[PDB]
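Only one chain is included here, represented as structure tokens and corresponding to the form deposited in one PDB entry.
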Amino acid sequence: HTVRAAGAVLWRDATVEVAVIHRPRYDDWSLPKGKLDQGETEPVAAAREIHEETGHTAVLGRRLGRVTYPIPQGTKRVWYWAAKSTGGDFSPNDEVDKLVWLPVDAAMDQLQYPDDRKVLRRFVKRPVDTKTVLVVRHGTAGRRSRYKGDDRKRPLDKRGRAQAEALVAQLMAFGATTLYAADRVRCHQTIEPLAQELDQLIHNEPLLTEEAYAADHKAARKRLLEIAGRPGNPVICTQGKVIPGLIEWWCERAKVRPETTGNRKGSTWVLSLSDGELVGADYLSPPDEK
């Protein structure tokens, strides 16, 4: 069998130091990680494990790949994120009796596992103090053909409503702060729950609809870059025939290679930016898939 897990390179600005945790059961030094709970997405599990094992709150940034290791029951697969500490503090807990904050070179020597050193090597390979643009395809909204009335007003269905609710924890894991939605009800409804959680208004985006994008893709590219340049971590909820065009264009321009890809309803692209440059493009499956 295969056990899905998530973890992080937790880091702080002491000047970058990384957290290394000691687990006395095994007597080893590692990166924080743990298994996904039922219904949990990898990013939400990573943030929870950071809090349970280190005592810190954090904001996830760039994805740092996956590590597979054998366990008695079969295989454990762990997706890792860079995670900047935002608060909290370490007190000993069930799994961890010691935490040390080390510069990356010293942390590399402290780690027990070759695959944790590979993760830390990926961490240092690019900027970590990043901002994040979260591009979300709206949730499930039934069929255009079975809908009577303006297609623009077609609402989320029950499943899509559930996806919208499940996206709050996932987008908050990345420190979402500002909200944008293509001019379609189904796009606004996907981030409505997040708008209530943040108490933030959704800015309507006429240029990022399928129809607008098809007629004027250059206006849409320029609008994406403008949103990306504003302070904060914006969420942009749009449509299936818009997102691949925008993501592939930006990744080809920046020479960024996405490790995963897809375009499902409810999916999220985490775009990591440093000083205006794209440095990561991480596709997350819908919260009720995978």
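Numbering starts at 1 and runs along the sequence shown. Take the two forms, superpose them, and find the largest set of C-alpha atoms that agree within 1.5 Å; that set is the rigid core. Only residues modelled in both forms are compared.
If you look for the form deposited in another entry, you will not find it shown, but the lines that follow are about it.
J.: Verify the C-alpha shift of residue 150 between this form and the one not shown: is it 2 Å or more after superposing the core?
T.: Residue 150: C-alpha displaced by 2 Å or more between this form and the one not shown.
J.: Specify closer or farther for residue 148 and residue 159: how their Cα atoms are spaced in the other form versus the shown form, given a shift of 3 angstroms or more.
T.: Compared with this form, residue 148 and residue 159 lie farther apart in the other form.
J.: Work out the direction of the Cα-Cα change for residue 285 and residue 147 in the other form: closer or farther than in this form? It's 3 angstroms or more.
T.: Note: Cα gap between residue 285 and residue 147 widens in the other form.
J.: Report the shifted segments between this form and the one not shown, defined as three or more consecutive common residues with all CA displacements of at least 2 angstroms relative to the rigid core fit.
T.: Runs shifting 2 Å or more: 72-74, 146-150.
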